[PDB]
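Engineer: So that we are looking at the same thing, I have put the structure below in structure tokens.
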Amino acid sequence: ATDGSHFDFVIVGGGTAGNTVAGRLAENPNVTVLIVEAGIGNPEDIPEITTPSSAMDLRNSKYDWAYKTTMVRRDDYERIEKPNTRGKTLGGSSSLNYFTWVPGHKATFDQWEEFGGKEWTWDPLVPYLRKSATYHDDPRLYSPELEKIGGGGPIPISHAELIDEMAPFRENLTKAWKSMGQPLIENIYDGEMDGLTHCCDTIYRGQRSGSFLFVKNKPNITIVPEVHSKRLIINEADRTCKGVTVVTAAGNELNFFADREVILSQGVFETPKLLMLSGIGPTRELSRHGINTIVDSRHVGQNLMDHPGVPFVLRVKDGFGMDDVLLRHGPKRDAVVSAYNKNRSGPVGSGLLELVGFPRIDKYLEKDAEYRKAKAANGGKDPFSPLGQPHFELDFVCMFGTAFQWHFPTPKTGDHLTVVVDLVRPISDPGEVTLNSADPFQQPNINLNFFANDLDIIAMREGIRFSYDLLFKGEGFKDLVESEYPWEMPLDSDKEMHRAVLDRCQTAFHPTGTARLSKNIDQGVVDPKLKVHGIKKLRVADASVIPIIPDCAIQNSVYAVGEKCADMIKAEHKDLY
Ligand SMILES: Cc1cc2nc3c(=O)[nH]c(=O)nc-3n(C[C@H](O)[C@H](O)[C@H](O)COP(=O)(O)OP(=O)(O)OC[C@H]3O[C@@H](n4cnc5c(N)ncnc54)[C@H](O)[C@@H]3O)c2cc1C
């Protein structure tokens with residue numbers, strides 16, 4: 001693209017929400033759309049990206065920003081990690097995520113009204129949660145009612161294309177779940193989600209569904225990959241965003257201008273950073289790095305909220321995990337790889353996550369004196385999920401998962417199950433994204449502030465106990481567990497579990513909230529129409545606008561944010577739509 005070029009709409013960051021907004025705005029073939037993106041433009045040519053079973057190998061690949069991130073910062077414990085994975089490619093993090101497609105709980109979204117008004121509640125958002133996807137049930141295994149989750153969009157979704165060898169695994173896990181007295185549930189898309197489910201996935205016919213499917217074959221979209229954003233171009237007198245400045249691989253600085261609006265979609269970590277480099281952020285933070293303050297927006301980079309997870313691995317009887325087929329070299333792997341390279345069939349096309357649990361653990365919490373005190377102190381309401389939403393998302397990954405064992409080696413033998421104990425309703429205060437400098441090529445400093453509140457530790461511990469009770473005592477699956485890896489979970493000692501939760505936890509990969517939607521600038525950074533408070537012609541569309549983190553994996557809500565952003569943009573530009 002030519003330096004100085006004008007487009008109707010400029011999307012900064014071709015990620016999950018960015019391409020959604022851009023692709024929807026290009027549906028008038030006369031509207032010009034530009035996308036600037038730091039990573040490659042051709043993710044559909046990359047086997048590791050398009051192949052679902054390769055997803056975990058994308059950590060630390062060239063497609064991963066590989067941020068350093070402080071996981072917990074308590075007086076008694078602190079840990080910083082690398083990589084905290086985020087997609088650096090067209091499609092953003094939808095090009096390297098673990099595929100689960102689940103909206104969340106109606107009570108949670110209804111509370112967004114405090115920030116976005118009544119249009120950001122469950123009932124009005126349901127269509128936006130479905131518009132991006134086209135639902136498939138080719139083997140006709142599930143209720144026809146579930147067709148409603150696909151509104152016809154360009155992201156193909158389906159129930160997991162089940163691995164045949166894992167059917168005994170699935171049957172015993174189901175038997176064990178029911179034997180614990182917890183429900184089975186298949187419709188988790190109407191606002192309720194209590195039980196164990198067959199998850200849906202951004203996978204179809206063994207291929208990853210990435211947001212890049214929004215912006216291909218559209219001559220009115222100009223895609224400029226391999227450029228790094230330097231700054232938003234702001235006119236102070238007009239209080240107007242004009243466009244964006246980027247740096248190319250050759251080190252040249254380019255200006256691109258929007259004649260209607262700029263949409264910032266750089267994700268939860270780079271969106272607040274780019275805002276701050278451009279003069280929009282906490283004035284004292286800006287001054288400390290030599291950046292002039294155009295708008296004192298105290299919430300930029302604040303309210304960073306993510307789901308903590310404590311994963312654990314069990315060695316399981318032979319044939320009840322996929323390690324021997326996909327993780328280890330040999331004839332079995334060669335065979336399924338040959339099949340996949342010819343027609344994309346076989347378990348190489350699997351995301352390896354097929355059953356997902358959304359329990360409450362009230363009976364576990366009630367055994368802890370400190371939880372009981374805290375609930376009574378909250379007037380008798382559960383501090384985590386007072387409106388009946390889940391406490392956990394339990395991903396039962398049917399294999400050893402390196403992306404969930406950050407400090408342990410891969411076992412050299414045996415089949416495994418990786419359980420991701422993902423606390424979806426934490427009550428710890430949020431962390432923050434802050435500037436390290438005015439350098440656009442340095443990462444922001446990132447603190448997730450997991451487990452600031454001791455109660456979240458108590459919950460995560462009990463979520464681990466629930467999972468252990470399920471797998472070691474639950475019927476059918478109890479006969480499949482061979483050992484714990486890499487050592488025993490110290491569930492018999494609360495004091496050791498305290499250390500175990502802090503030292504073994506990680507991000508469940510759901511960061512949100514750093515430019516959140518709100519009614520005014522004293523509450524957040526963008527307004528209910530996703531416009532940056534104090535700036536004209538600037539919207540934000542990505543996970544950073546999310547004001548209350550959903551009760552589950554978040555990609556479904558992120559697409560919805562993009563879908564709604566595009567609709568509100570179209571409604572304002574009547575002369576083009
Ligand atoms: C490992 C992993 C697994 C996940 N698994 C799941 C799952 O199973 N289910 C689920 O629901 N969610 C999952 N997620 C979360 C989900 O993928 C993300 O929350 C979502 O994709 C975020 O979308 P976004 O548009 O806000 O940001 P992103 O998709 O990250 O888009 C940001 C884009 O901006 C670009 N960009 C950033 N900074 C710059 C810059 N300075 N210059 C130029 N371009 C820039 C990036 O390269 C990227 O393309 C996972 C996330 C990760 C990291």
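By order in the structure tokens, chains are A, B, ...; within a chain, residues start at 1; ligands start at 1, following the order shown.
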List all protein, DNA and RNA residues that have an atom no more than 6 Å from any atom of ligand 1, counting only C-alpha atoms and all ligand atoms, and report them as a ChimeraX atom specification.
Structural biologist: /A:13-18,37-39,85-94,96-101,227-229,265-268,270,509-510,542-543,553-556,558
Engineer: Using only C-alpha atoms, I'd like a table of the residues in stretch 215-305 of chain A that come within 7 Å of stretch 512-527 of chain A; for each, show the closest atom pair and its distance in Å rounded to one decimal, ordered by chain and ascending number, as JSON lines.
Structural biologist:
{"residue": "A:268", "atom": "CA", "partner": "A:512", "partner_atom": "CA", "distance": 5.6}
{"residue": "A:272", "atom": "CA", "partner": "A:514", "partner_atom": "CA", "distance": 6.2}
{"residue": "A:297", "atom": "CA", "partner": "A:525", "partner_atom": "CA", "distance": 6.3}
{"residue": "A:299", "atom": "CA", "partner": "A:524", "partner_atom": "CA", "distance": 5.4}
{"residue": "A:300", "atom": "CA", "partner": "A:515", "partner_atom": "CA", "distance": 5.3}
{"residue": "A:301", "atom": "CA", "partner": "A:514", "partner_atom": "CA", "distance": 4.4}
{"residue": "A:302", "atom": "CA", "partner": "A:514", "partner_atom": "CA", "distance": 5.2}
{"residue": "A:303", "atom": "CA", "partner": "A:513", "partner_atom": "CA", "distance": 5.4}
{"residue": "A:304", "atom": "CA", "partner": "A:513", "partner_atom": "CA", "distance": 5.0}
{"residue": "A:305", "atom": "CA", "partner": "A:512", "partner_atom": "CA", "distance": 5.3}
Engineer: Go ahead and dump the residues you just picked, N, CA, C and O atoms, as a PDB file, in the first residue's frame.
Structural biologist:
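Written output follows (result25.pdb):
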ATOM      1  N   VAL A 268      -5.797  -7.434  24.212  1.00  0.00           N
ATOM      2  CA  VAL A 268      -5.830  -6.958  25.596  1.00  0.00           C
ATOM      3  C   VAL A 268      -4.506  -6.331  26.047  1.00  0.00           C
ATOM      4  O   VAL A 268      -4.500  -5.469  26.939  1.00  0.00           O
ATOM      5  N   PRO A 272      -4.090  -1.269  24.992  1.00  0.00           N
ATOM      6  CA  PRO A 272      -3.785  -0.209  25.973  1.00  0.00           C
ATOM      7  C   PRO A 272      -2.414   0.421  25.764  1.00  0.00           C
ATOM      8  O   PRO A 272      -2.248   1.632  25.980  1.00  0.00           O
ATOM      9  N   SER A 297      -7.120   9.342  30.730  1.00  0.00           N
ATOM     10  CA  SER A 297      -8.039   8.202  30.728  1.00  0.00           C
ATOM     11  C   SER A 297      -7.488   7.178  31.721  1.00  0.00           C
ATOM     12  O   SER A 297      -6.668   6.327  31.356  1.00  0.00           O
ATOM     13  N   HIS A 299      -8.299   4.571  33.247  1.00  0.00           N
ATOM     14  CA  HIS A 299      -8.541   3.144  33.165  1.00  0.00           C
ATOM     15  C   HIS A 299      -7.748   2.439  32.068  1.00  0.00           C
ATOM     16  O   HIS A 299      -7.818   1.209  31.980  1.00  0.00           O
ATOM     17  N   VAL A 300      -7.014   3.166  31.225  1.00  0.00           N
ATOM     18  CA  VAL A 300      -6.316   2.516  30.123  1.00  0.00           C
ATOM     19  C   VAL A 300      -5.242   1.607  30.700  1.00  0.00           C
ATOM     20  O   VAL A 300      -4.376   2.049  31.464  1.00  0.00           O
ATOM     21  N   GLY A 301      -5.334   0.318  30.397  1.00  0.00           N
ATOM     22  CA  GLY A 301      -4.389  -0.643  30.926  1.00  0.00           C
ATOM     23  C   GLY A 301      -4.741  -1.206  32.285  1.00  0.00           C
ATOM     24  O   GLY A 301      -4.114  -2.183  32.707  1.00  0.00           O
ATOM     25  N   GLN A 302      -5.705  -0.614  32.990  1.00  0.00           N
ATOM     26  CA  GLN A 302      -6.168  -1.129  34.265  1.00  0.00           C
ATOM     27  C   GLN A 302      -7.258  -2.168  34.035  1.00  0.00           C
ATOM     28  O   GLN A 302      -7.750  -2.344  32.920  1.00  0.00           O
ATOM     29  N   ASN A 303      -7.649  -2.853  35.107  1.00  0.00           N
ATOM     30  CA  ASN A 303      -8.766  -3.806  35.062  1.00  0.00           C
ATOM     31  C   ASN A 303      -8.448  -5.024  34.203  1.00  0.00           C
ATOM     32  O   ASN A 303      -9.348  -5.655  33.639  1.00  0.00           O
ATOM     33  N   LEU A 304      -7.166  -5.354  34.086  1.00  0.00           N
ATOM     34  CA  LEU A 304      -6.755  -6.578  33.408  1.00  0.00           C
ATOM     35  C   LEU A 304      -7.240  -7.768  34.225  1.00  0.00           C
ATOM     36  O   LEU A 304      -6.805  -7.959  35.371  1.00  0.00           O
ATOM     37  N   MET A 305      -8.123  -8.572  33.636  1.00  0.00           N
ATOM     38  CA  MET A 305      -8.682  -9.741  34.302  1.00  0.00           C
ATOM     39  C   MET A 305      -8.578 -10.947  33.391  1.00  0.00           C
ATOM     40  O   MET A 305      -8.891 -10.871  32.198  1.00  0.00           O
TER      41      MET A 305
END
Engineer: Which residues, written as a list in words, have at least one atom at most 7 Å from residue A:508, with only C-alpha atoms counted and residues fewer than 2 positions away on the same chain left out?
Structural biologist: residues 307, 308, 309, 422, 506 and 510 of chain A
Engineer: A:313, A:199, A:11, A:403: which is nearest residue A:60, counting only C-alpha atoms?
Structural biologist: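 Of the candidates, the smallest distance to residue A:60 is held by A:403.
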Engineer: Excluding residue A:27 and its own-chain neighbours fewer than 3 positions away, which residues fall within 12 Å of it when counting only C-alpha atoms? Please give them as a ChimeraX atom specification.
Structural biologist: /A:20-24,30-33,214-221,566-567,570,576-577
Engineer: With distances taken over only C-alpha atoms, which residue among A:367, A:140, A:332, A:473 lies nearest residue A:494?
Structural biologist: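 Of all the options, A:367 lies closest to residue A:494.
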Engineer: So, counting only C-alpha atoms, which residue among A:245, A:179, A:234, A:324 is closest to residue A:293?
Structural biologist: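 Ranked by minimum distance to residue A:293, first place goes to A:234.
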Engineer: Name the residues in contact with residue A:239 at a cut-off of 10 Å, using only C-alpha atoms, excluding same-chain residues fewer than 4 positions from it; report them as number ranges by chain.
Structural biologist: A: 234-235, 294-295, 534-537
Engineer: Looking at only C-alpha atoms, which of A:532, A:448, A:560, A:541 is the one that sits closest to residue A:280?
Structural biologist: A:532
Engineer: Which distance in Å separates atom CA of residue A:29 and atom CA of residue A:222, to one decimal?
Structural biologist: 12.3 Å
Engineer: So which residues touch residue A:310 within 7 Å, counting only C-alpha atoms, skipping near sequence neighbours fewer than 4 positions away, as a list in words?
Structural biologist: residues 420, 421, 422, 501, 504, 505 and 506 of chain A
Engineer: Do a neighbour search on stretch 394-396 of chain A at 9 Å with only C-alpha atoms, toss out local chain neighbours closer than 3 positions, and write the hits as a list in words.
Structural biologist: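 Listing them by chain and then by number gives residues 196, 352, 353, 354, 355, 356, 357, 358, 359, 399, 417, 418, 419, 420, 421, 422, 423, 463 and 467 of chain A.
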Engineer: Enumerate as JSON, numbers by chain all residues of stretch 310-381 of chain A assigned to strand (DSSP E) by DSSP on the backbone, naming them with the chain letters and numbers the document uses.
Structural biologist: {"A": [310, 311, 312, 313, 314, 315, 316, 353, 354, 355, 356, 357, 358]}
Engineer: Keeping C-alpha atoms for every residue in the selection just given, could you write it to a file as an mmCIF file, in the first residue's frame?
Structural biologist:
data_model
loop_
_atom_site.group_PDB
_atom_site.id
_atom_site.type_symbol
_atom_site.label_atom_id
_atom_site.label_comp_id
_atom_site.auth_asym_id
_atom_site.auth_seq_id
_atom_site.Cartn_x
_atom_site.Cartn_y
_atom_site.Cartn_z
ATOM 1 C CA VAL A 310 -3.912 -25.124 37.659
ATOM 2 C CA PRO A 311 -3.430 -28.019 35.221
ATOM 3 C CA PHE A 312 -2.429 -31.490 36.299
ATOM 4 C CA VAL A 313 -1.446 -34.675 34.466
ATOM 5 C CA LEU A 314 -2.451 -38.275 35.187
ATOM 6 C CA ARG A 315 -0.821 -41.270 33.596
ATOM 7 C CA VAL A 316 -3.649 -43.424 32.326
ATOM 8 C CA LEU A 353 -10.408 -31.617 23.838
ATOM 9 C CA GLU A 354 -13.829 -33.261 23.579
ATOM 10 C CA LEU A 355 -15.475 -33.181 27.011
ATOM 11 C CA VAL A 356 -15.548 -30.016 29.145
ATOM 12 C CA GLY A 357 -17.093 -29.621 32.627
ATOM 13 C CA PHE A 358 -18.774 -26.578 34.165
#
Engineer: Using only C-alpha atoms, find each residue in stretch 366-456 of chain A having at least one atom no more than 6 Å away from stretch 64-73 of chain A; report its shortest atom-to-atom pair and that distance in Å (one decimal), rows by chain then rising number, as a tab-separated table.
Structural biologist:
residue	atom	partner	partner_atom	distance
A:446	CA	A:69	CA	5.0
A:447	CA	A:70	CA	4.6
A:448	CA	A:71	CA	5.2
A:449	CA	A:72	CA	4.7
A:450	CA	A:72	CA	4.8
Engineer: Given only C-alpha atoms as the basis, pick out the residue of A:56, A:528, A:262, A:306 nearest to residue A:402.
Structural biologist: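 Using only C-alpha atoms, the shortest distance to residue A:402 belongs to A:56.
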Engineer: Mind giving me the straight-line distance from atom CA of residue A:360 to atom CA of residue A:174 in Å, one decimal?
Structural biologist: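 Going from atom CA of residue A:360 over to atom CA of residue A:174 covers 16.9 Å.
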Engineer: Please report the interatomic distance between atom CA of residue A:41 and atom CA of residue A:57 in Å with one decimal.
Structural biologist: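 Rounded to one decimal, the two atoms are 19.9 Å apart.
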Engineer: Between A:240, A:405, A:341, A:434, single out the one closest to residue A:298, counting only C-alpha atoms.
Structural biologist: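 The closest residue to residue A:298 is A:434.
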Engineer: What parts of stretch 145-347 of chain A does DSSP call alpha helix (DSSP H)? I'd like the answer as a compact mmCIF listing (two decimals) with N, CA and C atoms, in the first residue's frame.
Structural biologist:
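Below you can see states_19.txt, which holds the result:
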# COMPACT_ATOMS: atom_id res chain seq x y z
N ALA A 167 -13.27 -43.12 22.42
CA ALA A 167 -14.62 -43.39 22.90
C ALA A 167 -14.64 -44.13 24.23
N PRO A 168 -13.80 -45.13 24.48
CA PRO A 168 -13.76 -45.69 25.85
C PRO A 168 -13.40 -44.66 26.91
N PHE A 169 -12.36 -43.84 26.65
CA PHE A 169 -12.07 -42.70 27.51
C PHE A 169 -13.33 -41.88 27.77
N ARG A 170 -14.03 -41.46 26.70
CA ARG A 170 -15.19 -40.59 26.88
C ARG A 170 -16.27 -41.29 27.68
N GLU A 171 -16.48 -42.58 27.43
CA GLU A 171 -17.55 -43.29 28.13
C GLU A 171 -17.25 -43.40 29.63
N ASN A 172 -16.00 -43.68 30.00
CA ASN A 172 -15.66 -43.78 31.43
C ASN A 172 -15.71 -42.41 32.11
N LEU A 173 -15.22 -41.35 31.43
CA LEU A 173 -15.31 -40.01 32.01
C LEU A 173 -16.76 -39.61 32.25
N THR A 174 -17.65 -39.94 31.30
CA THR A 174 -19.07 -39.67 31.49
C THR A 174 -19.66 -40.48 32.65
N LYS A 175 -19.39 -41.80 32.68
CA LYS A 175 -19.83 -42.63 33.81
C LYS A 175 -19.35 -42.04 35.14
N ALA A 176 -18.08 -41.61 35.19
CA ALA A 176 -17.53 -41.05 36.42
C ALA A 176 -18.22 -39.75 36.80
N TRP A 177 -18.48 -38.88 35.82
CA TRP A 177 -19.16 -37.62 36.08
C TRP A 177 -20.54 -37.85 36.70
N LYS A 178 -21.35 -38.70 36.06
CA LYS A 178 -22.68 -39.00 36.59
C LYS A 178 -22.60 -39.65 37.97
N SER A 179 -21.62 -40.54 38.18
CA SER A 179 -21.52 -41.19 39.49
C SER A 179 -21.20 -40.20 40.60
N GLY A 267 -5.74 -6.23 20.77
CA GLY A 267 -5.84 -7.22 21.82
C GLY A 267 -5.53 -6.62 23.18
N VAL A 268 -5.80 -7.43 24.21
CA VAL A 268 -5.83 -6.96 25.60
C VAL A 268 -4.51 -6.33 26.05
N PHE A 269 -3.37 -6.74 25.46
CA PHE A 269 -2.07 -6.22 25.88
C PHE A 269 -1.57 -5.06 25.02
N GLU A 270 -1.72 -5.11 23.69
CA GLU A 270 -1.16 -4.05 22.85
C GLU A 270 -2.12 -2.89 22.62
N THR A 271 -3.44 -3.12 22.69
CA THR A 271 -4.38 -2.00 22.60
C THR A 271 -4.14 -0.94 23.68
N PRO A 272 -4.09 -1.27 24.99
CA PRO A 272 -3.79 -0.21 25.97
C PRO A 272 -2.41 0.42 25.76
N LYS A 273 -1.42 -0.38 25.37
CA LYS A 273 -0.10 0.17 25.08
C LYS A 273 -0.15 1.19 23.94
N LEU A 274 -0.73 0.81 22.80
CA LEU A 274 -0.81 1.76 21.69
C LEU A 274 -1.59 3.00 22.09
N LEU A 275 -2.70 2.84 22.83
CA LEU A 275 -3.43 4.02 23.31
C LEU A 275 -2.52 4.95 24.08
N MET A 276 -1.72 4.38 25.01
CA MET A 276 -0.87 5.20 25.86
C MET A 276 0.25 5.87 25.08
N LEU A 277 0.86 5.16 24.13
CA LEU A 277 1.89 5.78 23.31
C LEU A 277 1.33 6.95 22.51
N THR A 283 -2.44 10.02 33.10
CA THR A 283 -1.55 11.14 32.79
C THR A 283 -0.18 10.99 33.47
N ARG A 284 -0.16 10.52 34.72
CA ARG A 284 1.10 10.33 35.44
C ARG A 284 1.93 9.21 34.82
N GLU A 285 1.27 8.13 34.38
CA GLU A 285 1.99 7.07 33.68
C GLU A 285 2.57 7.58 32.37
N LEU A 286 1.80 8.38 31.62
CA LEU A 286 2.30 8.94 30.37
C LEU A 286 3.50 9.85 30.61
N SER A 287 3.38 10.76 31.57
CA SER A 287 4.48 11.69 31.87
C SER A 287 5.76 10.95 32.22
N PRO A 331 5.56 -45.55 13.82
CA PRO A 331 4.57 -45.92 12.80
C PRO A 331 3.19 -45.39 13.08
N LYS A 332 2.73 -45.41 14.34
CA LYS A 332 1.37 -44.93 14.59
C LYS A 332 1.21 -43.47 14.21
N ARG A 333 2.20 -42.64 14.54
CA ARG A 333 2.13 -41.23 14.16
C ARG A 333 2.23 -41.07 12.66
N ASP A 334 3.20 -41.76 12.04
CA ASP A 334 3.36 -41.70 10.59
C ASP A 334 2.06 -42.05 9.88
N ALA A 335 1.34 -43.06 10.39
CA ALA A 335 0.10 -43.48 9.76
C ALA A 335 -0.95 -42.36 9.80
N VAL A 336 -1.23 -41.79 10.98
CA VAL A 336 -2.26 -40.75 11.03
C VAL A 336 -1.80 -39.49 10.29
N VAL A 337 -0.50 -39.20 10.26
CA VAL A 337 -0.01 -38.05 9.50
C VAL A 337 -0.19 -38.28 8.00
N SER A 338 0.01 -39.51 7.53
CA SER A 338 -0.20 -39.80 6.12
C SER A 338 -1.67 -39.60 5.74
N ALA A 339 -2.58 -40.12 6.55
CA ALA A 339 -4.01 -39.93 6.29
C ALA A 339 -4.37 -38.45 6.22
N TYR A 340 -3.89 -37.66 7.19
CA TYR A 340 -4.23 -36.24 7.24
C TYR A 340 -3.73 -35.50 6.00
N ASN A 341 -2.47 -35.76 5.60
CA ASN A 341 -1.90 -35.09 4.42
C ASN A 341 -2.64 -35.42 3.13
N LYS A 342 -3.44 -36.50 3.09
CA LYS A 342 -4.18 -36.87 1.89
C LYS A 342 -5.63 -36.38 1.90
N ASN A 343 -6.33 -36.46 3.03
CA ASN A 343 -7.70 -35.98 3.02
C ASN A 343 -8.09 -35.24 4.30
